[PDB]
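Enquirer: Just dropping this structure here.
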Amino acid sequence: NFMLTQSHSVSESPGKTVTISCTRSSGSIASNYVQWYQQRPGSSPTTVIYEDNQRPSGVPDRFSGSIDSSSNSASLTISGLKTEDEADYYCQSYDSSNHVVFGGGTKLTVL
Amino acid sequence: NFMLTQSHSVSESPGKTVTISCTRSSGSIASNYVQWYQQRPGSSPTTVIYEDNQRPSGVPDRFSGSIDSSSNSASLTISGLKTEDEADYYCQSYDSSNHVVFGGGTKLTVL
Amino acid sequence: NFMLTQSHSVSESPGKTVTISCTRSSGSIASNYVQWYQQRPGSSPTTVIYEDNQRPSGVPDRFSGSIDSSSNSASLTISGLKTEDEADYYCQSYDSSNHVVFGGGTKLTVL
């Protein structure tokens with residue numbers, strides 16, 4: 001029953017810090033758990049962040065999730081940007097009826 | 001190469017009504033049929049709904065499938081919850097090449 | 001329609017070679033593609049083999065499928081077994097009207 005608005009695309013140079021936003025149109029973005037998925041070209045999506053900021057085993061501590069009460073959005077921050085980090089990133093959450101909503105995705109480019 | 005993400009674990013009482021959702025990350029949900037499988041503890045996946053809303057002979061009409069293109073999701077409704085209904089539910093569909101794609105699953109426990 | 005009969009749970013040591021069988025009750029096991037899914041504990045089914053012997057990118061060449069015309073059954077072989085290969089394996093195919101048929105699954109135990 002709501003939308004999750006992300007950034008269309010983000011570019012950045014290796015070694016730097018990137019932060020992708022995911023804004024919820026209605027209701028507190030903190031009402032339901034926010035997951036983040038990475039989708040490398042020609043590969044299926046994998047979970048990089050779940051439950052707002054928990055990291056599945058394997059995923060380097062370079063990925064970190066946070067929720068910004070200030071602007072009603074979730075955010076994915078990548079530190080020490082690497083070339084393999086290039087891919088599409090999707091945020092996802094639920095509404096009170098347990099429906100699944102995906103953001104439109106954010107293609108991150110490593111220059 | 002998309003993903004199917006379903007509702008988070010659900011708990012409810014017998015005789016009650018529940019709905020498990022499954023949203024497609026990208027591409028149109030109505031591009032390919034959506035199937036639902038019930039997987040009871042230590043058992044193999046069996047079909048409760050195929051071709052979006054068809055119940056195979058044997059599956060009671062307590063299970064109902066529907067598709068919502070505006071949300072790009074699919075839904076399984078179980079009315080008249082019984083304890084034997086306790087299982088993991090998985091939605092599934094096909095991609096461009098006709099290869100199978102499974103959702104992460106939804107744990108349903110009948111109180 | 002037809003049912004798929006899989007091998008009784010199997011256990012083998014690391015580095016050795018296991019072969020799981022999937023037999024079709026009636027009809028040719030080759031009349032329709034056979035797929036194999038790996039389902040690790042608490043996870044959803046993931047493809048290791050599709051279209052009888054094709055491997056999804058990402059899946060190790062340690063997994064290989066085949067169709068044994070001498071026994072009318074599909075075969076899933078895993079060479080150089082790994083501890084992380086422990087899980088349930090399921091074979092699946094279709095019927096005349098392209099309806100999904102799951103095998104009963106085989107528990108693989110790496111000692």
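We name chains A, B, ... following the order of the structure tokens; residues begin at 1 in each chain, and ligands are numbered from 1 as shown.
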With a distance threshold of 9 Å and counting only C-alpha atoms, extract the residues of chain C near chain B and express them as number ranges by chain.
Expert: C: 43-47, 50-51, 90, 99-105
Enquirer: Where does DSSP see strand (DSSP E or B) in chain C, if you list the residues as a ChimeraX atom specification?
Expert: /C:4-6,10-12,18-24,35-39,46-50,54,63-68,73-78,87-94,100-103,106-110
Enquirer: Could the residues in this selection be written to a file with N, CA and C atoms, as a compact mmCIF listing (two decimals), in the first residue's frame?
Expert:
# COMPACT_ATOMS: atom_id res chain seq x y z
N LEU C 4 7.36 -39.05 -9.48
CA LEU C 4 8.80 -39.26 -9.57
C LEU C 4 9.27 -39.88 -8.27
N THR C 5 9.99 -40.99 -8.38
CA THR C 5 10.49 -41.71 -7.22
C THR C 5 11.99 -41.51 -7.04
N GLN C 6 12.39 -40.93 -5.91
CA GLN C 6 13.80 -40.69 -5.69
C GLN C 6 14.44 -41.69 -4.75
N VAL C 10 20.80 -40.69 1.33
CA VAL C 10 22.13 -41.19 1.05
C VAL C 10 23.16 -40.45 1.89
N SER C 11 24.19 -41.18 2.30
CA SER C 11 25.27 -40.63 3.10
C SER C 11 26.60 -41.08 2.51
N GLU C 12 27.55 -40.16 2.44
CA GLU C 12 28.86 -40.44 1.87
C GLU C 12 29.87 -39.50 2.52
N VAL C 18 28.75 -39.31 -5.06
CA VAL C 18 27.39 -39.79 -4.85
C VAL C 18 26.53 -39.59 -6.09
N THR C 19 25.58 -40.50 -6.29
CA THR C 19 24.66 -40.41 -7.41
C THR C 19 23.23 -40.65 -6.91
N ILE C 20 22.38 -39.65 -7.09
CA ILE C 20 20.98 -39.72 -6.68
C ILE C 20 20.10 -40.06 -7.88
N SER C 21 19.17 -40.98 -7.70
CA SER C 21 18.30 -41.39 -8.79
C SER C 21 16.87 -40.87 -8.68
N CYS C 22 16.28 -40.58 -9.83
CA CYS C 22 14.91 -40.07 -9.95
C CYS C 22 14.21 -40.88 -11.03
N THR C 23 13.34 -41.80 -10.62
CA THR C 23 12.64 -42.66 -11.56
C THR C 23 11.20 -42.23 -11.82
N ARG C 24 10.80 -42.29 -13.09
CA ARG C 24 9.46 -41.92 -13.52
C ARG C 24 8.57 -43.17 -13.56
N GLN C 35 14.71 -31.30 -13.80
CA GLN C 35 15.45 -30.29 -13.05
C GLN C 35 15.76 -30.83 -11.66
N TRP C 36 16.87 -30.35 -11.09
CA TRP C 36 17.27 -30.75 -9.76
C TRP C 36 17.41 -29.52 -8.87
N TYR C 37 16.87 -29.61 -7.67
CA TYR C 37 16.94 -28.49 -6.75
C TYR C 37 17.63 -28.89 -5.48
N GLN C 38 18.43 -27.98 -4.95
CA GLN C 38 19.11 -28.19 -3.69
C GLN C 38 18.34 -27.36 -2.68
N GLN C 39 18.01 -27.97 -1.55
CA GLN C 39 17.31 -27.24 -0.51
C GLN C 39 18.04 -27.46 0.80
N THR C 46 16.82 -24.27 -4.64
CA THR C 46 17.61 -23.55 -5.62
C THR C 46 18.06 -24.57 -6.66
N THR C 47 18.08 -24.14 -7.92
CA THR C 47 18.47 -24.99 -9.03
C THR C 47 19.97 -25.29 -9.11
N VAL C 48 20.31 -26.56 -9.32
CA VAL C 48 21.69 -26.96 -9.50
C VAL C 48 21.75 -27.57 -10.90
N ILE C 49 20.62 -28.07 -11.37
CA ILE C 49 20.51 -28.66 -12.70
C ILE C 49 19.15 -28.35 -13.32
N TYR C 50 19.14 -28.03 -14.60
CA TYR C 50 17.89 -27.76 -15.31
C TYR C 50 18.04 -28.24 -16.75
N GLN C 54 21.88 -29.01 -17.66
CA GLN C 54 22.44 -27.67 -17.69
C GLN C 54 22.62 -27.11 -16.28
N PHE C 63 28.59 -30.73 -9.83
CA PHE C 63 27.24 -31.24 -10.00
C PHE C 63 27.05 -31.49 -11.49
N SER C 64 26.45 -32.63 -11.83
CA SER C 64 26.18 -32.96 -13.22
C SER C 64 24.99 -33.91 -13.30
N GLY C 65 24.08 -33.62 -14.22
CA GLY C 65 22.92 -34.47 -14.36
C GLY C 65 22.98 -35.24 -15.66
N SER C 66 22.18 -36.29 -15.73
CA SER C 66 22.12 -37.10 -16.93
C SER C 66 20.81 -37.87 -16.91
N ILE C 67 20.50 -38.52 -18.03
CA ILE C 67 19.29 -39.30 -18.15
C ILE C 67 19.71 -40.72 -18.48
N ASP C 68 19.40 -41.65 -17.59
CA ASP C 68 19.76 -43.05 -17.80
C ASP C 68 18.62 -43.80 -18.49
N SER C 73 15.29 -43.10 -15.62
CA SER C 73 15.40 -42.19 -14.49
C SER C 73 16.47 -41.13 -14.73
N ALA C 74 16.31 -39.98 -14.10
CA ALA C 74 17.29 -38.91 -14.23
C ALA C 74 18.34 -39.18 -13.17
N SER C 75 19.52 -38.58 -13.32
CA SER C 75 20.59 -38.78 -12.35
C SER C 75 21.30 -37.51 -11.94
N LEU C 76 21.51 -37.36 -10.64
CA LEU C 76 22.23 -36.21 -10.13
C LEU C 76 23.48 -36.77 -9.46
N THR C 77 24.64 -36.44 -10.02
CA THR C 77 25.91 -36.90 -9.49
C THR C 77 26.68 -35.70 -8.94
N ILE C 78 27.30 -35.90 -7.78
CA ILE C 78 28.09 -34.86 -7.15
C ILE C 78 29.45 -35.48 -6.84
N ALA C 87 22.20 -31.43 2.08
CA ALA C 87 20.87 -30.85 1.96
C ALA C 87 19.94 -31.86 1.30
N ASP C 88 18.70 -31.45 1.09
CA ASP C 88 17.73 -32.30 0.42
C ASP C 88 17.81 -31.98 -1.07
N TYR C 89 17.68 -33.01 -1.90
CA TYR C 89 17.71 -32.80 -3.33
C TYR C 89 16.40 -33.31 -3.91
N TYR C 90 15.83 -32.52 -4.82
CA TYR C 90 14.55 -32.86 -5.44
C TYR C 90 14.66 -32.83 -6.94
N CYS C 91 13.98 -33.76 -7.60
CA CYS C 91 13.95 -33.75 -9.06
C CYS C 91 12.54 -33.30 -9.39
N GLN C 92 12.38 -32.64 -10.53
CA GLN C 92 11.09 -32.15 -10.95
C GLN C 92 10.99 -32.17 -12.47
N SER C 93 9.80 -32.46 -12.96
CA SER C 93 9.56 -32.49 -14.38
C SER C 93 8.15 -31.99 -14.65
N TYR C 94 7.67 -32.18 -15.87
CA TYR C 94 6.34 -31.72 -16.25
C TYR C 94 5.56 -32.86 -16.85
N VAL C 100 3.55 -29.16 -13.20
CA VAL C 100 4.73 -29.52 -12.41
C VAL C 100 4.59 -30.76 -11.54
N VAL C 101 5.61 -31.61 -11.56
CA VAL C 101 5.63 -32.84 -10.77
C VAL C 101 6.93 -32.91 -9.97
N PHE C 102 6.82 -32.90 -8.65
CA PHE C 102 8.01 -33.00 -7.80
C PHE C 102 8.26 -34.42 -7.33
N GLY C 103 9.54 -34.78 -7.20
CA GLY C 103 9.88 -36.09 -6.70
C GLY C 103 9.76 -35.99 -5.20
N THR C 106 15.53 -36.44 -1.73
CA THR C 106 16.50 -37.35 -1.15
C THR C 106 17.41 -36.60 -0.20
N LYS C 107 17.53 -37.11 1.02
CA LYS C 107 18.39 -36.48 2.01
C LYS C 107 19.84 -36.93 1.81
N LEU C 108 20.70 -35.97 1.51
CA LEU C 108 22.11 -36.26 1.32
C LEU C 108 22.81 -35.91 2.63
N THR C 109 23.60 -36.85 3.13
CA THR C 109 24.32 -36.64 4.38
C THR C 109 25.82 -36.79 4.17
N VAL C 110 26.55 -35.70 4.37
CA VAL C 110 28.00 -35.74 4.23
C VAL C 110 28.55 -36.04 5.63
Enquirer: Measure the distance from atom CA of residue 28 of chain B to atom CA of residue 97 of chain B in Å and round it to one decimal.
Expert: 14.6 Å
Enquirer: So the first atom is atom CA of residue 1 of chain C and the second is atom CA of residue 80 of chain B; what is the distance between them in Å, to one decimal place?
Expert: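 Separation of atom CA of residue 1 of chain C and atom CA of residue 80 of chain B: 28.3 Å.
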Enquirer: Between atom CA of residue 2 of chain A and atom CA of residue 25 of chain B, what is the distance in Å, rounded to a tenth?
Expert: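 Atom CA of residue 25 of chain B lies 15.1 Å from atom CA of residue 2 of chain A.
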